[PDB]
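Here the structure comes first, spelled out in structure tokens, and everything after it is commentary.
Note that we place each Cβ from the backbone using ideal geometry, even for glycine, and neighbour counts take in every protein chain shown. What is reported rests on the model, the rules as stated and the sources as named; no laboratory instrument gave them.
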Amino acid sequence: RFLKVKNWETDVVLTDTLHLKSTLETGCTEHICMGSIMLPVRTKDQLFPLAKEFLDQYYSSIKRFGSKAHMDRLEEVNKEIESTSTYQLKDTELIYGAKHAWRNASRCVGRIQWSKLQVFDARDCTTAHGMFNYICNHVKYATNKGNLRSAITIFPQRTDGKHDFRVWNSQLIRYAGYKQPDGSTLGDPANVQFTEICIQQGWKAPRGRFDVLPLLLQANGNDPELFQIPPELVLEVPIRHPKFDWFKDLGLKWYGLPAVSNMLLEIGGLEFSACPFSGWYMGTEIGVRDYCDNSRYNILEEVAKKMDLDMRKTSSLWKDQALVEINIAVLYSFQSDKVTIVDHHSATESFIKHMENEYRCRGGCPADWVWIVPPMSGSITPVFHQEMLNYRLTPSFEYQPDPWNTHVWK
Amino acid sequence: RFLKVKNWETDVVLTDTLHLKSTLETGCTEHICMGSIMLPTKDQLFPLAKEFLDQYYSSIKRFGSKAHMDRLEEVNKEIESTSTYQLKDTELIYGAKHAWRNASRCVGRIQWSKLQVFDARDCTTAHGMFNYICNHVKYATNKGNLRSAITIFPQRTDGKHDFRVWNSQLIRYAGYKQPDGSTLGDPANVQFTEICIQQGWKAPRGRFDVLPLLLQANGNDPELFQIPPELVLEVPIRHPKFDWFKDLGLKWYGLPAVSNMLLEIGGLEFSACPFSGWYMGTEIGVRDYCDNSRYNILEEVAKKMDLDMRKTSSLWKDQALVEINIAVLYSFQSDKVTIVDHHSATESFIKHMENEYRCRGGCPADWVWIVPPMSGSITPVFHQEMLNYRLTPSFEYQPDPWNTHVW
Ligand code: HEM
Ligand code: HEM
Ligand SMILES: N=C(NCCC[C@@H](NC(=O)[C@H](N)Cc1ccccc1)C(N)=O)NN(O)O
Ligand SMILES: N=C(NCCC[C@@H](NC(=O)[C@H](N)Cc1ccccc1)C(N)=O)NN(O)O
Ligand SMILES: C[C@H](O)[C@H](O)[C@H]1CNc2nc(N)[nH]c(=O)c2N1
Ligand SMILES: C[C@H](O)[C@H](O)[C@H]1CNc2nc(N)[nH]c(=O)c2N1
Ligand SMILES: OC[C@@H](O)[C@@H](O)[C@H](O)[C@H](O)CO
Ligand SMILES: [Zn+2]
């Protein structure tokens, strides 16, 4: 069944056949759509078919489907699974897998960049200190003095479910959040629970507004250990405005490297529970969401005041006006400091080109419109006008519960 | 079977059971989500009629009453005999109000119970329709203090005697493709504008020319009518700070009145049911003025504001977008014409959803359409999970008549 997808601004119509290979569920039924819902030990039984699908996908990508190399590998894996209950991916398969997980991530607008991912194989890691070392090397490589390079570090896969490797942080670099007795919050409210766990584990918090959190690392299912990322490795950007000299006095700054560290990478049935990856930021992630969400730094009012905007009525659009200036400030500061960043106009335009390319070369591109459309100026970006089909392909990045909710303390 | 909907900004969680009463398909499947897609017999009739009547008597606390039973049998016999039936005025009004209540793409539903319903089922000709429409426009405009209303023309019979308003909205501006290759006026109505031209209309060939009504009664060919200028309220757009703004020569009409949809109540289809409420600012300021396929005025505005348009990263489109929307709102308020900003409208909708969840067990809502076209995350609905499903009575899309009419 071929599915048509139309762009209501250019009338360009695309055809999707890729969805035919979708196996996983979406959350929607023929009677209800859960399109805006945030969150809608494998058995030997279920492991081999998953492995075979992956290996077939892999051998077809390298144009060796049906070869002797292909048939031997399938037999070798089948035997390995029966023999040990799991199997080990070859390096080439791991790289291909990690890249495809990114190519298949429907909530990511930065996928035009997928084939350029540097994969660091950390499957030989055994302890938390080992993890810390791999993580530092990843941050130094990815940061590259501001000329950001996409990367992913893959730690040992899940075995029995009791020896998991986990990065307890949500991103390798994030600011601490502290709830005050008066009910106010100091720092980033989004990380309050994690910050408490860190203090409980021994972290001596400086209790400021932009304290970089320590890494809390779990190796082989053992209790997590704290480590401080070397300051010289953490690139930060002071935020100032090109026309408003008082902006710098707001005392805002942000880290240059976004590094998701809480997702699960699934490849050929195998599960990598610690797979920190990094790219670069789209400005609105910082300027709209991190600074302006009511539940985050929530600076719209303070900025609105300094701009002396009419804040007596919402119809003056004082929030919208201030929102734009803060976003101008974020982009301006990063570019001035020569730290990679992409604005939402550029990122979305590139995503449409990526999508058209994918439809022609791959038969499709799963995309979640709810997440792809930027949180500000939605309709003045081309993605707003683009119909998109969302479905799940593997390899993939999946959510997993926060580790503190499932860990058995020793 | 019981679904939960969470608001990630307030952590408030609501349970939805209303969806279990849904009957129509969404377009999605367990394998693919089509949530961002724009356009996803007597034996058929009675079950539909029964479902409706049952909901109706339940709403008036007479479920299982003799009146209920009696009515069900009357309609039943009427269908058997006539192959259709007629709604009591009370049912017509209830249905229209609920069609609005169930419109998942409408952010203005907190107002659903205040809908003035005009029964035009006795209409027979295009002149008759024109009269009803003029009365609707005057009533709803109310000198600027807009009042929601819908006018319901005769229901479908054999599909060969259908009433249709060919316009997309009762009031819209013409669009013409010029020699230059460019488009003059509103590009979205270029085609219809041509059907009016070809039909006989004399276009002033301007940038904001109110189009003529093209009315179809009982399947006959449509006829043209000029809406009395005095009945079309318009707002000249100026900025509370940029005196040059007025020189852009922009204006819009105060009354948004969707006229091409189909109203379905108890299996009965009303193909001509124009309705009107009032505008949410962004509909004009963001979509009509700034879509690249619409008036597309961003550059011009940015230029007059004299900002660097060399690089997208200076966010000049965004800066200008905001000013343009400040201008629309300021103007309507200045002229005392009802209008609502996206912040207030979205705040209302969250209140409405809460009312609906506790009083009805839920609220179908299409997130893709509910979240405003600008400043998405600073409005509350962005952070609100929403379940979309189809409940009836409802407003449905239908083909443009010029693609089905046999002249
Ligand atoms: C090259 C720069 C990249 C840009 C500009 C980009 C941009 C984005 C943005 C804007 C989002 C939404 C984030 C949010 O709203 O919280 C996102 C999500 C995502 N991206 Fe990318 N991304 C890039 C690289 C990557 C890389 C390196 C990977 C994996 C190898 C990746 C995987 C994902 C995933 C799985 C999501 C969903 C995260 C979630 O659900 O919280 N992205 N990306
Ligand atoms: C009282 C003020 C009202 C406000 C502020 C409001 C606002 C809106 C807005 C912003 C949209 C999106 C329009 C678009 O993007 O094209 C919408 C759609 C819609 N509204 Fe409302 N609305 C109001 C009254 C009404 C009334 C009285 C009805 C019907 C009785 C109604 C039926 C619907 C329907 C069916 C749609 C979807 C239209 C489509 O699919 O093109 N609305 N409304
Ligand atoms: N630019 C990015 N952006 C991805 C950032 C993803 C960002 N996501 C979030 O913070 C999501 N809110 C996590 C979430 C999802 C669903 C339900 C609850 C919570 C994070 N991990 O920091 N990445 N790279 O690699 O460049
Ligand atoms: N404020 C409103 N807004 C409703 C405006 C609805 C508006 N809708 C539209 O213009 C839709 N984009 C038409 C469409 C739908 C799907 C595919 C293609 C085209 C119209 N009819 O003018 N209504 N009242 O009554 O207050
Ligand atoms: C409820 C709704 O799904 C939720 O607020 C989504 C909307 N779109 C988003 N889009 C992106 N990129 N990131 C988010 O966190 C969200 N949050
Ligand atoms: C492709 C996508 O569905 C389309 O552009 C939708 C997005 N959201 C919208 N939302 C509203 N209110 N109105 C629209 O016309 C649209 N267009
Ligand atoms: O403070 C803990 C939170 O940061 C954590 O629960 C995140 O919300 C989660 O990891 C998603 O990023
Ligand atoms: Zn769906």
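Here are a few things to note about the model shown:
- Filter result for B:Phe52 (over 30 Å from A:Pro40 (Cα atoms), assigned to a loop (DSSP other than H, G, I, E, B) and away from chain A (no Cβ under 14 Å)): no
Quick grid of which residues meet (1) in a strand (DSSP E or B); (2) within 16 Å of ligand 1 (Cβ to nearest atom); (3) within 25 Å of B:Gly254 (Cα to Cα); (4) in contact with an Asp or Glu (Cβ under 9 Å, 6 or more places away or on another chain):
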| site | (1), (2), (3), (4) |
| --- | --- |
| B:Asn135 | no, no, yes, no |
| B:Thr141 | no, no, yes, no |
| B:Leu146 | no, no, yes, no |
| B:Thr151 | yes, no, yes, yes |
| B:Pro154 | no, no, no, yes |
| B:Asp158 | no, no, no, no |
| B:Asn189 | no, no, yes, no |
| B:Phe192 | no, no, yes, yes |
| B:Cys196 | no, no, yes, no |
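- Members of region A:290-304 that are facing chain B (nearest Cβ under 9 Å) and surrounded by fewer than 17 Cβ atoms within 10 Å (Cβ to Cβ): A:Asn294, A:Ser295
- When the residues of region B:23-54 are filtered to those that are of a type in the set (S, T, N, Q) and crowded, with 19+ Cβ neighbours inside 10 Å, the one that is farthest from ligand 6 (Cβ to nearest atom) is B:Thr26.
- Pairing each residue of region A:271-288 that is in a loop (DSSP other than H, G, I, E, B) with any residue that is within 13 Å of ligand 3 (Cβ to nearest atom) and hydroxyl-bearing (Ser, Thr, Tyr), provided the two are 6+ apart or on different chains, yields C-beta distances under 6 Å for A:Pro276/A:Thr153; A:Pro276/A:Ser261; A:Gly279/A:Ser150; A:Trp280/A:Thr340.
- Set A:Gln180, A:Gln171: member being within 19 Å of the chain's Cα centre (by Cα) and of a type outside the set (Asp, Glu): A:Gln171
- Residues being surrounded by fewer than 24 Cβ atoms within 10 Å (Cβ to Cβ) and either within 18 Å of A:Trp371 (Cα to Cα) or within 16 Å of ligand 4 (Cβ to nearest atom) (or both) - total across region A:271-280: 1
- The requirement of being outside any strand (DSSP E or B), away from ligand 3 (no atom under 16 Å from the Cβ), more than 14 Å from chain B (Cβ to nearest Cβ) and closer than 17 Å to A:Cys365 by Cα is satisfied by A:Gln57.
- All of (1) farther than 23 Å from A:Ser278 by Cα; (2) within 11 Å of chain B (Cβ to nearest Cβ); (3) polar (S, T, N, Q) hold for A:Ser346 with one exception: (1).
- Restricting A:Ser60, A:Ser67, A:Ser83, A:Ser106 to residues that are polar (S, T, N, Q) and either closer than 30 Å to A:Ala347 by Cα or not assigned by CATH to the domain that holds A:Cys365 (or both) narrows the list to A:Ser106.
Conditions tested, residue by residue: (1) away from chain B (no Cβ under 14 Å); (2) within 29 Å of A:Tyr87 (Cα to Cα); (3) more than 16 Å from ligand 7 (Cβ to nearest atom).
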position	(1), (2), (3)
A:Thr126	yes, yes, yes
A:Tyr134	yes, yes, yes
A:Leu148	yes, no, yes
A:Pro189	no, no, no
A:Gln193	no, no, no
A:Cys198	yes, no, no
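- If the condition is being at the interface with another protein chain (Cβ under 8 Å from one of its Cβ atoms), of a type outside the set (A, V, I, L, M, F, W, C) and not in a loop (DSSP other than H, G, I, E, B), then region B:9-40 contributes only B:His19.
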